[PDB]
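*Asks:* The structure follows.
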Amino acid sequence: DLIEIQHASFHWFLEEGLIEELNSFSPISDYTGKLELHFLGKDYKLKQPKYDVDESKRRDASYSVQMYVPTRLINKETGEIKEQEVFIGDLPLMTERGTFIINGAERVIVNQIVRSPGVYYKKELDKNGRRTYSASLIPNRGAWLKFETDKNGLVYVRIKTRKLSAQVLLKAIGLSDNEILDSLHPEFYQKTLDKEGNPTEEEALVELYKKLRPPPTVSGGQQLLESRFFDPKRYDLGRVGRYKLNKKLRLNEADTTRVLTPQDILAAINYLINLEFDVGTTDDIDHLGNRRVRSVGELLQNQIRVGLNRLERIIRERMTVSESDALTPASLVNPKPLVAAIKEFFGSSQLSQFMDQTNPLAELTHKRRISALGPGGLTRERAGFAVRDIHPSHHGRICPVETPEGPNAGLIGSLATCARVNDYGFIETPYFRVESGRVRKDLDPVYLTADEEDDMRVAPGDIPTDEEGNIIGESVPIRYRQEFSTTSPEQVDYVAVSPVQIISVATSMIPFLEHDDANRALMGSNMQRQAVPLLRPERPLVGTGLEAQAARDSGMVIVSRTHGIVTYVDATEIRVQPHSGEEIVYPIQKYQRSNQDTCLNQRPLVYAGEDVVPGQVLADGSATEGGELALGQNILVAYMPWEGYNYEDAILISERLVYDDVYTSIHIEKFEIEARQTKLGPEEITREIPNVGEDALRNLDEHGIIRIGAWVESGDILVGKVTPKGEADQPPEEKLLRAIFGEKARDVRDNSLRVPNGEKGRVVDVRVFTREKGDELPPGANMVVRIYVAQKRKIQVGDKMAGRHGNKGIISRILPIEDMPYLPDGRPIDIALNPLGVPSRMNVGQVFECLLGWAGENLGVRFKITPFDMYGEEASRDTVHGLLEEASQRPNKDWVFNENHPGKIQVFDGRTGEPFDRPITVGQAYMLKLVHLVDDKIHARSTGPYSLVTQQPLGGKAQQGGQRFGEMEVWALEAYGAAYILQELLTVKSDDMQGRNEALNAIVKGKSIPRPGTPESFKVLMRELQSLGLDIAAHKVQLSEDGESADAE
Amino acid sequence: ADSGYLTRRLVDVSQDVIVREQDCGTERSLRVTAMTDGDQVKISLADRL
Amino acid sequence: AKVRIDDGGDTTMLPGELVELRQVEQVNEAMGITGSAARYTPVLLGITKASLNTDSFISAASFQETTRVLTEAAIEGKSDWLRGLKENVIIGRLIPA
Amino acid sequence: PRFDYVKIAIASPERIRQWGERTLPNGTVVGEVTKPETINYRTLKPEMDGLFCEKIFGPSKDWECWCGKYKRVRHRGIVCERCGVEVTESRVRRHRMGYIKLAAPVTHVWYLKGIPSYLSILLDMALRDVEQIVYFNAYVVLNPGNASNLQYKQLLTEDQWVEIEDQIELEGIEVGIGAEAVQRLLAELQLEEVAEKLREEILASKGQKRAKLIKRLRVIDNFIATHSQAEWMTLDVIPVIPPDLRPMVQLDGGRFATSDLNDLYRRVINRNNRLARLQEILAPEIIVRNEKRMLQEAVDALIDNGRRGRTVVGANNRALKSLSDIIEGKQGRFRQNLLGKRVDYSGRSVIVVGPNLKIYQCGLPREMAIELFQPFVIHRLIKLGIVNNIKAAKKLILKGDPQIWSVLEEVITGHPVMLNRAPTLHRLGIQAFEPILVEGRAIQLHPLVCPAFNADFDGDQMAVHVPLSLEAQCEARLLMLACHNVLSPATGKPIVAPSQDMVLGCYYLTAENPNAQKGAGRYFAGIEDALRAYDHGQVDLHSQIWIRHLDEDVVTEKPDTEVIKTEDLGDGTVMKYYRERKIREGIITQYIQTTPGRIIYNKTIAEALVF
Amino acid sequence: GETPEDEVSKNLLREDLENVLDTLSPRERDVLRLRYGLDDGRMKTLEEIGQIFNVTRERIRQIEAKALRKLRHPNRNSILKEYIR
RNA sequence: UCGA
DNA sequence: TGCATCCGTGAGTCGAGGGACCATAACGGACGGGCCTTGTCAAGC
DNA sequence: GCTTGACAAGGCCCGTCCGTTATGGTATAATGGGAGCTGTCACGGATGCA
Ligand SMILES: [Mg+2]
Ligand SMILES: [Zn+2]
């Protein structure tokens, strides 16, 4: 299973994470001691949800459950036990795909990588001086212990504040002079004991309080130090903090997990002194053995911990004011601070991200992202060069290729294919045991938790092995202590289980990965997660074979579980019968809206009367073919330059891709309107709207709302809504115009929902959610109407297409089939790609892919080639050229392979009919269609809305915004002679309530006027500087007159 | 990010450098030679004049 | 282009300020007909230091350290005559280039 | 209007109240903010005293006061005797400023916590010394006269002042705390007399601290030339921003969208009304001292939040936006609203390569040109007589008639359009073009201007801008056209050149293929004889062809002047043989061995440079 | 605030509403301007027009009843046809 | 977060 | 009078997306009748 | 070409009605607050510490 960091994490929270939080919260007491409240956390209910999975997405709700615990309220003096179940909070459940539904939108919880708790030592040179060793005891939650060591044998303890001597903390926790020196070399400790005095057990708590809290008190020094490291519910090492203390310092005690042991502070000082004696290891901060990951089971444990602490303040403020008895325990627990704590984590936190649902490849990748940012991780400004590079401990755990380019280059990683996280939070990799030069591929792997660095010798999965005898190679390259070396095959210990263990699940879909560059393989893995689901997908011919596993783990593929006989198959359900209440129904969704405006259509695959197996595809998804995944189409390609139509990364396609419904996707948009409550009068949805005739009232059913199946275009009316007005401030021009022809204006105003510019399609869902029907509504709303419009988009000029090797491009021309070049059998060419971008970017694998897919086209065999071989030069060139020779041995196909030029044939011109001078490489390429279509990039504005303060035009496609003329754009016009264009762009086009009126009136009348006025943004800055206490004004230097000018008035 | 902040600092230090007059009447000069980086030359004398 | 003048007792020029080298020779030659004093040491300024020591406070506050330029301009009583670029863009007039 | 220079100075308390108090036909002025209330919760009308008051800043609606009975355009320039709101336009609210009269002086945070702390320079104190007097942590001696051991401007602790209170020396010893003592220490200064006191201390016994007296003399000399006072650095009257610069709008759900300036203004008036309440009922001095310290922290957080103390927050845990935090940052008023603005008549789209076109020409789609040139199409519709107004023209544009596209075809001819791609590194990233209406939905860009814009056809979007005035159209054509931008501004080398796909077409054309000759070694009569032989199947592209060319300016790779294989004909005529030439000397004839691909290349330069 | 598209066409409304008023009588044009508030910025009632003239009531009403009747006829008023909002 |  | 430590100042440009309680008196808008004020209708000067 | 009595329509004006709103009070005894900062790099002043 590829999703185990989400399913096993939420399963741990429902049985171990929720029980541990309620056991530490209980019991609580009052100020006097009259009654006590303790919970029973291990007997909670977790009742049934309210709505369905598909119903919660359209009703704008969350798939959540109610949490109830039994609560026993006892009293100290009077014997009474009050058992009652009290509501705790709303907990959203994880769906079957591993996601959550928050406010009708599907969301994921990205796993965040942080540092592991423990002690870490570091050699630091602050200046050109001696060698200083530092320390840092990091807990899971609480204060930090930073031990430093200066020159001349002075070890200090810093607990944010100023540093202090090591004897001050070591004596205040409770110790003797003989219990320190017996377990310490004590000759180095005499230099820090001379210039520190010699305090007793009570002569150190007073001096500790004088420097931390600057009167000292004998009772104040004990309450300050115990609350930092020794008090419960304020300092936590964690289950993994106790494990890292017993490994580094080699401690004998274990299973403490709550209180910091004072013997552990003595062991951290002893390891720091011995670092000057050239013994001990300096820890690394970028090592994956020191870096942990956490998931939904751990991140939810911190939100209930800060949510129950707010509940502890109200539970102690209600058992003291009410001095009377006979009170119910259900009124002591207020669920309001804990409901708002869970709702803030799932909807308002940064780590809960919007789920990418373009294709099943992006859904599987987004659940396995390893990001180093979040509330407790790193910062965008605090990220440096060392944290973004690849550590040598990332071999097989984190993918070195798949990472987003730009700002987050290296901070957001991806988990590898065979990687696995244990219960402690460390990434593990499987390895096969090698015994005396023989790979023992018979038993289960070892799953080493990054402990193979300083102990084991690990070989990758690329060495030639024999059939159970020995290893063929005499020099095996291995890795030992983060360095590569070639040793004997009898000296190795472990070997990798797969050659795709290093790369992730999205990089493994690229065939011939070893022939492509690592920079273009980064782009090829990112463009595969943006491919739209087509209308009829097609499986690739040069697939790697891992597409079948990624389709079943995405959750959008109906699988069988019963091993039965299929009875009834239609377009909505599949009914089988289980055998060794026997009729289950598998529902099939038809054209459901996704998050990225794509389709989630499922098609039936099986027929009636067929034996099935557990793990068989019953119904494939939208971007999924039969069994395996399918994100694009296999069509003909040719690497030849046309007449400037493929000049700089441009694509020339044919007309055959248009009328054959190739690269044709279905996009479903969703519109929203609401009949709110205006204080002047309630708004309602009517059909008789003013100033709109029969040109737009054709699809309404006398209710103001459109019908199902009506073709809407740009500028129509979906929901006709009116709004009452109470202005009554008519100008004298409109009063004279209305008095002539009559037709007195009504009190309503047309606020109908309309279709935006460049939008069309067919309406498929006109679901209306009103009150008194069984659904909750937001306050200040009478009727909520939701309109879903689906449209069928073909492939056009301006769309961005790409392949699996980073050869992205934008189509500039769609030629007919008689103008495209044609093969010597008469078959035309679909895509005419440019061969100039190939040798400059090292995209060699895309030439191996098309030449192998052309061999699979004439044979019809659908090759499955795994990456990272076999014999050198005999597995990539002679595989392609050897299989192209077999396709040429057919009696009908003799023109496929040539002896002089192997990977080339003769191509004829379509316009003139003459052959070209040189042979051209042809093949069957697998191209994808990305989400960056030409329809979403069109924006234009003449005059629209304006800003609130600066009175400048707004910015945005969805709100009719204007393009920003920034500071780099002024410097280009200032370097030109364009002074009148610069004054026009800053005055009459932005921030002038007077200059915009006269400039617009000049074009309609036909006589332009010069000299625009003062812009509004300068007068805002003039009033802001006067409010800062600065007498700033503008004057005139005219003859015998120095007067201030009034820019505002 | 380093070249963007460097370009902004070069603009504000030389934003008021406009050619206003035709001649000033100075007598100083700048001696220019062939830019030789040790053994081989990079910019010839014909490219600097 | 700037210089750090010293020994000022006749003209209101405290030792430690940065003025242009052409402006020092314009006032020294104009004071030679009367007879007075004195010395100045040349300094090399960076691209962010010479941008803040200009005659315009609007061009220096929009670049960097807005709270430091406007504090110095209010106490000294500086005046901007809108000479050069990057002021008429903020004002709303034609650039002098 | 038109101004000539901008001068900035320190605002005196008589200058701040000049902006606040306005003349009204009554006995007193009403331009003072006394209450922290903004508006009412029942109706959406403000109150008669507050930060959004109509008696101070003006009427909320156009020609309508607050109480009623004056809601017409007939009453212009009068003040209602019942309410007090002047009946005028609603645009006067963004120009009027109120003031808040304080009950205690407050030091300005820019002069105290600034660099190099000009408040502490004039007082001859330290940075921590003035910071202990302000915010009420130590006492300062204001009159140490007739005392045993006391100095001027000496800091005293809380336990040290109560010892002198038991000793009454036996004279008048005056101390002070807070900003009332700093304002008294600045008012009794000697700025005319202290300037000559520091000048005699520089020449005599300078030492290392000569620069300290020099830096102090620069601050004192600025207060005499500007005719300012040293006591104006403390604030007694606080100015108020106009209410449209702190807008309060209501969203669709009913919630109000307030600003952070309203929460910082309310903290000043709530702590000022409490200080006037404690000073009236004779409060204990430990409560009045704590109230004046919070009034000092409320104004300093209003001016520069987080400068001296801790940053105050609101409902959300982010930092509040103060008066200084809207001008200094990258998202401030200077770098986001003055140097760079969002312009009208603009748009953007993806770009595709347009071949079979020219330079200074770009592909412009029809639905984007009808929005950018919308005031130019409407003017042509009324001029041709199709419509009569804008409402008849705008309904005809959005309808989709084929006569509208014939009007748009006649408008864009000769109208330059500036194309722009972000980021703009050099000045050739903004060039003007003459657009044409093409089929599709992308901008057909020329492939020759691609190294100029640094544009690649894999997802690049370019911004479109349209000029309006007649002077802007003549500057985009004569100075910003793409045909006049061949040379780069950095070097003297051109950038309009064949780069990727046309170099490979010219390298293969003038190459040498030693296998596909098909008729090499043939003599042709001139340049035009070889072009007529390429249209037939006579010669190939790389055939060795002798061409009779009488010109001498023939450049080639590895040129030579020596004559090898000298052959002499009859009657004294000698043939001068070369590596690539064949000259008949006595020059009679001259044959050039070349390829027909080099003749097509040399013919293209002849028809382009000679017109 | 109002968009400049409604403020520009408000100025174009003055150029066409005063065009059909110049073709009327100078006495007939003076009644319609001061009544609705043209060229003064203030709306005046019917009795204030009768006190600056030497003619009493029931004449200004029937003049405006005659002025509004001739503008409704389709004669020399074809430009005030698509102004109905 | 994602494109250049 | 020179050497450490701390604090304040900067760190690319465009576009898309999503997102406690109660008692009592003062204050003010709403409702209703009276009073001119204003618009309209049919003949008669 | 204008003029006069008649018939309602409606805006202010001035009373009261009751919801709305500002103000003061309650008597066992109660007596110093929480919530993060701990992985950025470079330069320029300003203390302060010998
Ligand atoms: Mg590009
Ligand atoms: Zn009024």
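Residue numbering restarts at 1 in every chain; chains get A, B, ... in the order shown in the structure tokens, and ligands count up from 1 in that same order.
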Residues of chain A near chain E: apply a cut-off of 9 Å, count only C-alpha atoms, and supply the list as a PyMOL selection string.

*Replies:* chain A and resi 691+731-733+735-741+743+745+943-946+993+996-998+1000-1001+1005

*Asks:* Residues of chain H within 8 Å of chain A, counting only C-alpha atoms (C1' of nucleotides) - could you list those as a tab-separated table (two decimals) with N, CA and C atoms (P, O5', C5', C4', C3', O3' and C1' of nucleotides), in the first residue's frame?

*Replies:*
```
chain	number	residue	atom	x	y	z
H	37	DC	P	6.74	33.04	19.10
H	37	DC	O5'	8.32	33.28	19.02
H	37	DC	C5'	9.20	32.17	19.05
H	37	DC	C4'	10.57	32.58	19.57
H	37	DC	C3'	11.65	31.52	19.43
H	37	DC	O3'	12.26	31.61	18.15
H	37	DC	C1'	11.73	32.57	21.60
H	38	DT	P	12.49	30.28	17.27
H	38	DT	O5'	13.76	29.59	17.96
H	38	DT	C5'	15.03	30.22	17.91
H	38	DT	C4'	15.98	29.62	18.93
H	38	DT	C3'	16.14	28.11	18.84
H	38	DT	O3'	17.12	27.79	17.86
H	38	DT	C1'	15.90	28.80	21.12
H	39	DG	P	16.70	26.93	16.57
H	39	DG	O5'	18.09	26.46	15.93
H	39	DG	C5'	19.10	27.42	15.64
H	39	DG	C4'	19.30	27.55	14.14
H	39	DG	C3'	18.45	28.63	13.46
H	39	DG	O3'	19.27	29.45	12.64
H	39	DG	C1'	18.19	26.55	12.35
H	40	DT	P	18.98	31.02	12.52
H	40	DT	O5'	18.31	31.18	11.07
H	40	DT	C5'	18.65	30.26	10.03
H	40	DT	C4'	19.33	30.97	8.88
H	40	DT	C3'	20.67	31.63	9.22
H	40	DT	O3'	21.63	31.35	8.21
H	40	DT	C1'	19.20	33.23	8.28
```

*Asks:* To test your reading of the structure, identify every residue in chain E that backbone DSSP assigns to helix (DSSP H, G or I), and report it as a PyMOL selection string.

*Replies:* chain E and resi 4-17+19-22+26-36+46-52+60-72

*Asks:* Could those selected residues go to a file with C-alpha atoms, as a PDB file, in the first residue's frame?

*Replies:*
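Saved file result13.pdb follows:
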```
ATOM      1  CA  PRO E   4     -16.998  57.033 -14.746  1.00  0.00           C
ATOM      2  CA  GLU E   5     -19.142  55.331 -17.417  1.00  0.00           C
ATOM      3  CA  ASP E   6     -22.258  56.763 -15.739  1.00  0.00           C
ATOM      4  CA  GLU E   7     -20.631  60.162 -15.131  1.00  0.00           C
ATOM      5  CA  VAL E   8     -19.511  60.656 -18.742  1.00  0.00           C
ATOM      6  CA  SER E   9     -22.903  59.755 -20.233  1.00  0.00           C
ATOM      7  CA  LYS E  10     -24.511  62.093 -17.692  1.00  0.00           C
ATOM      8  CA  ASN E  11     -22.595  64.892 -19.434  1.00  0.00           C
ATOM      9  CA  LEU E  12     -23.646  63.574 -22.856  1.00  0.00           C
ATOM     10  CA  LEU E  13     -27.251  63.684 -21.634  1.00  0.00           C
ATOM     11  CA  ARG E  14     -26.945  67.466 -21.218  1.00  0.00           C
ATOM     12  CA  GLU E  15     -25.811  67.903 -24.831  1.00  0.00           C
ATOM     13  CA  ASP E  16     -28.919  66.118 -26.166  1.00  0.00           C
ATOM     14  CA  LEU E  17     -31.565  67.256 -23.664  1.00  0.00           C
ATOM     15  CA  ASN E  19     -30.801  70.234 -28.098  1.00  0.00           C
ATOM     16  CA  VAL E  20     -34.561  69.567 -28.119  1.00  0.00           C
ATOM     17  CA  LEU E  21     -35.141  72.551 -25.811  1.00  0.00           C
ATOM     18  CA  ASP E  22     -33.515  75.102 -28.138  1.00  0.00           C
ATOM     19  CA  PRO E  26     -37.786  81.061 -25.456  1.00  0.00           C
ATOM     20  CA  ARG E  27     -40.709  81.374 -23.038  1.00  0.00           C
ATOM     21  CA  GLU E  28     -41.393  77.629 -23.266  1.00  0.00           C
ATOM     22  CA  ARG E  29     -37.728  76.760 -22.655  1.00  0.00           C
ATOM     23  CA  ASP E  30     -37.524  79.012 -19.581  1.00  0.00           C
ATOM     24  CA  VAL E  31     -40.336  77.130 -17.814  1.00  0.00           C
ATOM     25  CA  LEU E  32     -38.818  73.641 -18.111  1.00  0.00           C
ATOM     26  CA  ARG E  33     -35.337  74.733 -16.981  1.00  0.00           C
ATOM     27  CA  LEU E  34     -36.123  76.497 -13.694  1.00  0.00           C
ATOM     28  CA  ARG E  35     -38.782  73.957 -12.673  1.00  0.00           C
ATOM     29  CA  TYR E  36     -36.728  70.749 -12.630  1.00  0.00           C
ATOM     30  CA  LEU E  46     -44.534  76.514  -9.546  1.00  0.00           C
ATOM     31  CA  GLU E  47     -45.500  79.482  -7.350  1.00  0.00           C
ATOM     32  CA  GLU E  48     -42.003  81.013  -7.367  1.00  0.00           C
ATOM     33  CA  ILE E  49     -42.057  81.188 -11.171  1.00  0.00           C
ATOM     34  CA  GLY E  50     -45.443  82.928 -10.997  1.00  0.00           C
ATOM     35  CA  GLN E  51     -44.175  85.642  -8.644  1.00  0.00           C
ATOM     36  CA  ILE E  52     -41.298  86.776 -10.891  1.00  0.00           C
ATOM     37  CA  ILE E  60     -47.357  77.579 -15.768  1.00  0.00           C
ATOM     38  CA  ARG E  61     -49.114  74.221 -15.347  1.00  0.00           C
ATOM     39  CA  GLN E  62     -50.729  74.271 -18.799  1.00  0.00           C
ATOM     40  CA  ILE E  63     -47.491  75.497 -20.389  1.00  0.00           C
ATOM     41  CA  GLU E  64     -45.682  72.465 -18.953  1.00  0.00           C
ATOM     42  CA  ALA E  65     -48.649  70.310 -19.983  1.00  0.00           C
ATOM     43  CA  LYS E  66     -48.175  71.669 -23.513  1.00  0.00           C
ATOM     44  CA  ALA E  67     -44.377  71.297 -23.387  1.00  0.00           C
ATOM     45  CA  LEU E  68     -44.536  67.656 -22.282  1.00  0.00           C
ATOM     46  CA  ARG E  69     -47.222  66.850 -24.867  1.00  0.00           C
ATOM     47  CA  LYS E  70     -45.226  67.944 -27.927  1.00  0.00           C
ATOM     48  CA  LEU E  71     -42.116  66.034 -26.808  1.00  0.00           C
ATOM     49  CA  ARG E  72     -44.022  62.728 -26.692  1.00  0.00           C
TER      50      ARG E  72
END
```

*Asks:* Find the residues near ligand 2. Use a cut-off of 12 Å, count only C-alpha atoms (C1' of nucleotides) and all ligand atoms, and write them as a short mmCIF file (atom, residue, chain, number, x, y, z; two decimals) with N, CA, C and O atoms, in the first residue's frame.

*Replies:*
```cif
data_model
loop_
_atom_site.label_atom_id
_atom_site.label_comp_id
_atom_site.auth_asym_id
_atom_site.auth_seq_id
_atom_site.Cartn_x
_atom_site.Cartn_y
_atom_site.Cartn_z
N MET D 48 -22.53 62.08 16.93
CA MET D 48 -22.19 63.49 16.87
C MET D 48 -20.87 63.82 17.55
O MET D 48 -20.46 64.99 17.52
N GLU D 54 -19.87 63.54 11.76
CA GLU D 54 -20.24 64.36 10.61
C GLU D 54 -20.12 65.86 10.89
O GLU D 54 -20.02 66.64 9.94
N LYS D 55 -20.12 66.26 12.16
CA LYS D 55 -19.92 67.67 12.50
C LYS D 55 -18.47 68.10 12.39
O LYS D 55 -18.20 69.30 12.35
N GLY D 58 -17.51 66.22 7.95
CA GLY D 58 -18.41 66.56 6.88
C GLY D 58 -19.53 65.55 6.70
O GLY D 58 -19.57 64.51 7.37
N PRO D 59 -20.46 65.83 5.79
CA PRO D 59 -21.62 64.96 5.61
C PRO D 59 -21.27 63.67 4.90
O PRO D 59 -20.46 63.63 3.97
N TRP D 63 -25.09 66.30 -0.11
CA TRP D 63 -26.12 67.30 0.17
C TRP D 63 -27.18 66.77 1.14
O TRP D 63 -28.38 66.92 0.93
N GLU D 64 -26.72 66.14 2.22
CA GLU D 64 -27.61 65.60 3.23
C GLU D 64 -26.89 65.57 4.57
O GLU D 64 -25.79 65.02 4.67
N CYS D 65 -27.51 66.16 5.59
CA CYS D 65 -26.91 66.24 6.91
C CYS D 65 -27.31 65.02 7.74
O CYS D 65 -27.86 64.04 7.22
N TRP D 66 -27.04 65.07 9.04
CA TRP D 66 -27.21 63.91 9.91
C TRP D 66 -28.61 63.81 10.50
O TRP D 66 -29.17 62.71 10.57
N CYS D 67 -29.20 64.93 10.92
CA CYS D 67 -30.49 64.88 11.60
C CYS D 67 -31.64 64.76 10.61
O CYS D 67 -32.60 64.01 10.86
N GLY D 68 -31.58 65.47 9.50
CA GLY D 68 -32.63 65.50 8.51
C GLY D 68 -32.96 66.91 8.11
O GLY D 68 -32.24 67.86 8.44
N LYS D 69 -34.03 67.04 7.31
CA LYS D 69 -34.69 68.28 6.86
C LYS D 69 -33.85 69.11 5.89
O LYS D 69 -34.35 70.08 5.30
N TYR D 70 -32.61 68.71 5.63
CA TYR D 70 -31.75 69.32 4.62
C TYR D 70 -31.22 68.19 3.75
O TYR D 70 -30.13 67.67 3.99
N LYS D 71 -31.99 67.81 2.73
CA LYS D 71 -31.62 66.72 1.84
C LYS D 71 -31.86 67.10 0.39
O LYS D 71 -32.33 66.29 -0.42
N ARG D 72 -31.55 68.34 0.03
CA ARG D 72 -31.73 68.84 -1.32
C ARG D 72 -30.46 69.54 -1.78
O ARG D 72 -29.57 69.85 -0.98
N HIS D 75 -29.85 73.92 -0.82
CA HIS D 75 -29.04 74.45 0.28
C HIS D 75 -27.58 74.11 0.03
O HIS D 75 -27.17 72.95 0.16
N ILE D 78 -24.47 76.21 3.63
CA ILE D 78 -25.03 76.61 4.91
C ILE D 78 -24.88 75.46 5.90
O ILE D 78 -24.69 74.30 5.54
N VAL D 79 -24.95 75.81 7.19
CA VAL D 79 -24.84 74.86 8.28
C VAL D 79 -26.20 74.78 8.97
O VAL D 79 -26.80 75.82 9.27
N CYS D 80 -26.68 73.56 9.19
CA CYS D 80 -27.97 73.37 9.85
C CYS D 80 -27.89 73.79 11.31
O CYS D 80 -27.00 73.35 12.05
N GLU D 81 -28.82 74.65 11.73
CA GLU D 81 -28.81 75.17 13.09
C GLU D 81 -29.27 74.16 14.13
O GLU D 81 -29.03 74.36 15.32
N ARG D 82 -29.93 73.08 13.70
CA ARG D 82 -30.40 72.06 14.62
C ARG D 82 -29.33 71.00 14.90
O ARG D 82 -29.13 70.61 16.05
N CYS D 83 -28.64 70.54 13.86
CA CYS D 83 -27.64 69.49 14.00
C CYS D 83 -26.21 70.04 14.02
O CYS D 83 -25.47 69.82 14.97
N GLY D 84 -25.83 70.77 12.97
CA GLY D 84 -24.50 71.35 12.91
C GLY D 84 -23.65 70.83 11.77
O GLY D 84 -22.47 71.18 11.67
N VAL D 85 -24.23 70.01 10.91
CA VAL D 85 -23.51 69.43 9.78
C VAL D 85 -23.66 70.34 8.58
O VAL D 85 -24.78 70.72 8.20
N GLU D 86 -22.54 70.71 7.97
CA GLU D 86 -22.56 71.56 6.79
C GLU D 86 -23.05 70.77 5.58
O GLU D 86 -22.56 69.67 5.30
N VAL D 87 -24.03 71.32 4.87
CA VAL D 87 -24.63 70.67 3.71
C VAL D 87 -23.71 70.92 2.52
O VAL D 87 -23.74 71.99 1.91
N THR D 88 -22.88 69.93 2.19
CA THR D 88 -21.96 70.03 1.06
C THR D 88 -21.75 68.63 0.50
O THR D 88 -22.49 67.69 0.82
#
```

*Asks:* So which residues are near ligand 1, meaning at most 7 Å away with only C-alpha atoms (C1' of nucleotides) and all ligand atoms counted, given back as a PyMOL selection string?

*Replies:* (chain D and resi 455-460) or (chain F and resi 4)

*Asks:* Using only C-alpha atoms, what does the table of chain B residues within 8 Å of chain C look like, with each row giving the shortest atom pair and its distance in Å to one decimal, sorted by chain and ascending number, as JSON lines?

*Replies:*
```
{"residue": "B:9", "atom": "CA", "partner": "C:47", "partner_atom": "CA", "distance": 6.2}
{"residue": "B:10", "atom": "CA", "partner": "C:47", "partner_atom": "CA", "distance": 6.5}
{"residue": "B:12", "atom": "CA", "partner": "C:51", "partner_atom": "CA", "distance": 6.0}
{"residue": "B:13", "atom": "CA", "partner": "C:51", "partner_atom": "CA", "distance": 4.7}
{"residue": "B:15", "atom": "CA", "partner": "C:85", "partner_atom": "CA", "distance": 5.7}
{"residue": "B:16", "atom": "CA", "partner": "C:84", "partner_atom": "CA", "distance": 4.6}
{"residue": "B:17", "atom": "CA", "partner": "C:84", "partner_atom": "CA", "distance": 7.7}
{"residue": "B:18", "atom": "CA", "partner": "C:97", "partner_atom": "CA", "distance": 6.5}
```

*Asks:* When you look at stretch 8-11 of chain C with a cut-off of 12 Å (counting only C-alpha atoms (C1' of nucleotides)), what residues show up, excluding the ones that are within fewer than 2 positions of it in the same chain? I need them as a count of residues only.

*Replies:* 26

*Asks:* Restrict the distance test to only C-alpha atoms (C1' of nucleotides), flag each residue of chain H within 10 Å of chain E, and return the flagged residues as a PyMOL selection string.

*Replies:* chain H and resi 2-4

*Asks:* Using only C-alpha atoms and a cut-off of 6 Å, which residues of chain D sit close to chain A? Please list them as JSON, numbers by chain.

*Replies:* {"D": [3, 4, 5, 6, 7, 8, 9, 10, 11, 239, 241, 245, 339, 340, 341, 342, 343, 344, 345, 346, 347, 348, 349, 352, 355, 368, 371, 372, 379, 424, 427, 442, 457, 458, 472, 475]}

*Asks:* What's the 6 Å shell around stretch 4-16 of chain G, counting only C-alpha atoms (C1' of nucleotides), without same-chain residues fewer than 2 positions away, as an MDAnalysis selection string?

*Replies:* (chainID B and resid 1 4) or (chainID D and resid 422:423)
